[PDB]
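[1] coordinates for the following, if possible.
(7 chains)
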Amino acid sequence: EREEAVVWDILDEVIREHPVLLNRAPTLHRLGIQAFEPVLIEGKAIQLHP
Amino acid sequence: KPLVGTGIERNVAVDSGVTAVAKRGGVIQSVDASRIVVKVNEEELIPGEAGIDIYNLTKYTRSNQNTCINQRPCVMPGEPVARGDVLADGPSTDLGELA
Amino acid sequence: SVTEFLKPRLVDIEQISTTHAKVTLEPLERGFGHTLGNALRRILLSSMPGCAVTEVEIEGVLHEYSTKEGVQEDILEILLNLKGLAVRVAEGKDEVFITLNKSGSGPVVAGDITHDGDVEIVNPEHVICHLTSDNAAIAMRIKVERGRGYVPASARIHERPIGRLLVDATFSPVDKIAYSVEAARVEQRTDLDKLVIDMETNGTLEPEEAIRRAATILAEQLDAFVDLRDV
Amino acid sequence: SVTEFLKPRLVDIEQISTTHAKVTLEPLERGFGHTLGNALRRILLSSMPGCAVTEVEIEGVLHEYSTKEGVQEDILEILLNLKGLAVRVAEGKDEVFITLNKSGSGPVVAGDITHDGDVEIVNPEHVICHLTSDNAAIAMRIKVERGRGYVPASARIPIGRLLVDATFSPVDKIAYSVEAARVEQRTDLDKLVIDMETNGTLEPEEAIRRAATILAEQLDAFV
Amino acid sequence: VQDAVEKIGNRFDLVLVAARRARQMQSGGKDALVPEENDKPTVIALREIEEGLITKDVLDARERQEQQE
Amino acid sequence: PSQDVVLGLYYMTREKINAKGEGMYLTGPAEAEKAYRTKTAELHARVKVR
Amino acid sequence: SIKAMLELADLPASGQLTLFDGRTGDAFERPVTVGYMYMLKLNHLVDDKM
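    Numbering: from 1, shown residues only, chains lettered A, B, ... in the order given. Shown next is the structure:
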């Protein structure tokens, strides 16, 4: 909660090899949900590969 | 203001009510960020009236959509104003034009 | 020769206005004009030190979103006008305090700010506020800090009394940079070039000093390129 | 401090080949990766000194579009093969002539060029042309000068002289990429990756070092 | 995971084997048969399968050996 | 690819008549990159490349 | 009328200027449409959508 410095290194070690599932509504076919490796960024928007 | 417009902005700004419109003509006796006092000309004075009009301006009031509603004076002390003239600009208004 | 180049040197500093100037570098080889011009433009527009208004204290004001009697503009507008204040702080000082006490009717400008001699105002005609009544009085205490880049109020690290109004600071004094590469009339060689850099600033930073500082930064990073050893 | 900048800390050099290398600097201040990469590319591709073949005299050939019997390759292809000739000239010499004479059947390599000892061929297995018949002999007088950059034959535009594009700069390929880099919580920093491949006259590290030195000596009057 | 599916043949069986090996490494404490290189157990198990040291038959035989012991 | 990628690859692979550096002979792709970065041959210049 | 006002403002009649890349300094080989447009900030913020 205090947003200490070491929490960010711990986050960058948890995220390192943990896939995350991105989905968009409507999901018309099975490519509407895909697994990606997260890269952590500033801001509040998800950056998607074109 | 919009650099390229259509000429309708004045109508929308005046008829929306967000701006402070002079009910009677005269000269602005005093200007402040919260109050505008106008000394009415002696041709629109109903007998027995004080001769001044007071416009209190809304300052930083929450709207329905959690947005600031602020009225900003656009007048100096002493200059003449007529009827229908804009004394304060409300949200998204610049010198009586929709912005 | 084909190995020894010609070192560019400062030629003429033309000061058209207080905020506008031109700097001439001559001579330059073929293709070095654009290289140095783009490097200097990128460095000047990015990391120049400068002094900016950081925090303000106004008597009778608790927060930005409020008004004051006899004052035409809101406090938020006064802070936005204070952001456009050009001040030069004497070397060796980082934080200074200046005072703006004015009573009467008329435009409160930057020329009424009282300073202790270590701070010089560049734009004395900057309109800070308007006082619309004879009894209206304004009393402000402004903090000016030296920095580099753009530091918003949120990014500042966190006691702060209620009344201290934080102001976003744009420390960089450089507004516009242009550069042109032209022919240079050298005594014998005819393949030489001249670089003219037009700098529009706020007047705080001198053109010659800006050019040397940009060249210094480029030199420091190119030193790490020159050595090129594993660490 | 207002004059304190973040210098590179991790510098990694990977030598995939003796002429091909990858240099990575991390981290850099925002925007400095592009500045340094572009300046280095411009200097390395258009301003470094070097030695290259600039002109050739072939007996029996009068024009670049003319034909010579016995050679499988055309004249323009021979000039192209001469363009990629990595040559080193000892200091103090600006204009040198090297002769190549060969008769027989088969390819000619750069090792068949006879010099005066002040010229070194870096790639002696480089093929210049091929001889088809045994009655075909080739004679060539090659001029090597010191120059800067990449000056082609068109830019230099007197009997029988053929102009070869001058690849003075030893850098053959250079490409820079700027990625994201972080220290502590400042993740807006830049990471510079330079892939370089030279002809063989210079190692890529030496190429970066001389490019940086050339750029640094220009700013000595202002620092 | 092209090498893993080439060595196994079926994606689902590969997932089963990799999950079992990853659970064994995370919970039981088995050491990685390949250099870790700062990798999670999932990627380590997939690399072991790609190399050819970990299959369903190998895991079953190892479990039988442990049960006998 | 779609949109910007296709436009870039299309503009890069177009043929212009009488462009700067037309008819030059190039040792390979690296030489062509060197030529364009040096403002010698235009991106739509016809050349002969090994 | 638009071209007449562009001429009165001492600007190209086509409304396209020569832009230079900030990263590299090289001019774009085709003229680029530059001007002024009225932009709006819609009430769809990522602050209240994240």
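[2] residues from chain G in reach of chain C?
    Taking Cβ under 8 Å from any Cβ of the partner chain, the part of chain G that reaches chain C is made up of G:22, G:24, G:25. Where C-beta positions appear, they are placed from N, C-alpha and C, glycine not excepted.
[3] what subset of those residues is buried?
    G:24, G:25 (16 or more other Cβ atoms under 10 Å in any protein chain shown).
[4] and which of the residues of chain G next to chain C is nearest chain D?
    Proximity of the residues of chain G next to chain C to chain D was ranked by Cβ to the nearest Cβ; the top entry is residue G:24 with 5.2 Å.
[5] quick check, nearest of the residues of chain G next to chain C to residue D:183?
    residue G:22 (25.1 Å; Cβ to Cβ).
[6] so which residues of the chain form helices?
    As the question left the chain open, I've gone with chain A. Ranges of helices within chain A are A:5-14, based on DSSP state H.
[7] actually it's chain G I care about, not the one you picked
    G:2-8.
[8] how about the residues of it that lie near chain B?
    G:36, G:38, G:43.
[9] surely the last one meets residue B:66?
    This points to residue G:43. No. Counting by Cβ atoms under 8 Å, residue G:43 stays clear of residue B:66, with 9.2 Å between them.
[10] and the nearest residue to residue C:118 once chain neighbours are set aside, how many neighbours?
    Distance criterion Cβ to Cβ, 6 or more residues apart in numbering or on different chains; nearest residue to residue C:118, sequence neighbours excluded, is residue C:90 at 4.2 Å. For residue C:90, the tally of surrounding residues (other Cβ atoms under 10 Å in any protein chain shown) stands at 12.
[11] residue B:44 now?
    Residues within reach of residue B:44, counting by other Cβ under 10 Å, total 14.
[12] and whatever residue of chain G ends up closest to chain E, what does it touch?
    At 27.2 Å from chain E, residue G:50 is the closest residue in chain G, using Cβ to the nearest Cβ. Contacts for residue G:50 (Cβ atoms under 8 Å, 6 or more residues apart in numbering or on different chains) come out as A:44, A:45.
[13] so which residue is smack in the middle of chain G?
    residue G:34 (2.9 Å; Cα atoms, centre = their mean).
[14] ok, the residue nearest to residue C:118 touching residue C:116?
    No. With contact defined as Cβ under 8 Å, residue C:90 does not reach residue C:116; the gap is 9.7 Å.
[15] gap between residue G:24 and residue G:17?
    18 Å (Cβ to Cβ, to the nearest Å).
[16] returning to that earlier point: residues contacting the residue nearest to the centre of chain G?
    Contacts of residue G:34 by Cβ under 8 Å, 6+ apart are G:15, G:16, G:17, G:19.
[17] ok but residue C:144 is inside a strand, no?
    Yes. Residue C:144: assigned to a strand according to DSSP: H, G, I helix; E, B strand; the rest coil.
[18] beta-bridge partners for it, please?
    In this entry, residue C:144 is beta-bridged to residue C:53, residue C:96, by DSSP bridges.
[19] for it, give me its contacts.
    C:51, C:52, C:53, C:54, C:87, C:89, C:95, C:96, C:97, C:98, C:119.
[20] dump these to JSON lines, plus neighbour count.
    Output for those, formatted as JSON lines (neighbours: other Cβ atoms under 10 Å in any protein chain shown):
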{"residue": "C:51", "neighbour count": "26"}
{"residue": "C:52", "neighbour count": "26"}
{"residue": "C:53", "neighbour count": "20"}
{"residue": "C:54", "neighbour count": "20"}
{"residue": "C:87", "neighbour count": "24"}
{"residue": "C:89", "neighbour count": "21"}
{"residue": "C:95", "neighbour count": "12"}
{"residue": "C:96", "neighbour count": "18"}
{"residue": "C:97", "neighbour count": "13"}
{"residue": "C:98", "neighbour count": "21"}
{"residue": "C:119", "neighbour count": "19"}
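[21] the chain: strands as residue ranges?
    This is for chain A. A:20-23, A:33-36 (DSSP state E).
[22] let me rephrase: I mean chain G.
    Counting by DSSP E, the strands of chain G are G:16-17, G:32-33.
[23] show me what the last one is packed up against.
    When you say that, I think you mean strand G:32-33. Here strand G:32-33 touches strand G:16-17, going by 3 or more Cβ pairs under 8 Å, 6 or more residues apart in numbering or on different chains; DSSP states H and E.
[24] which other residues reach the strand it packs on?
    With Cβ under 8 Å, 6+ apart, strand G:16-17 has contacts from G:31, G:32, G:33, G:34.
[25] any idea which of these is the one closest to residue B:86?
    Distances from residue B:86 to the contacts of strand G:16-17, taken by Cβ to Cβ, are shortest for residue G:34, at 33.7 Å.
[26] how far away is the closest one from residue D:113?
    55 Å.
[27] residue C:13: neighbour count?
    For residue C:13, using other Cβ under 10 Å, the count is 13.
[28] right, and residue F:43 touches residue F:35 too?
    No. Here residue F:43 does not reach residue F:35: they are 9.9 Å apart, not a contact under Cβ under 8 Å.
[29] settle it for me: which of those two has more neighbours?
    For residue F:43 versus residue F:35, neighbours defined as other Cβ under 10 Å are more numerous around residue F:35 (22 against 16).
[30] ramachandran angles for the closest residue to the more buried one other than its chain neighbours?
    Spatial nearest neighbour of residue F:35, excluding adjacent residues (Cβ to Cβ, 6+ apart): residue F:41 at 4.3 Å. The phi/psi pair for residue F:41 (degrees, to the nearest 10) reads phi -110, psi 130.
[31] distance of residue B:98 relative to residue B:18?
    Distance from residue B:98 to residue B:18, by Cβ to Cβ: 9 Å.
[32] quick one: common contacting residues for those two?
    With Cβ under 8 Å, 6+ apart as the test, residue B:98 and residue B:18 both reach residue B:92.
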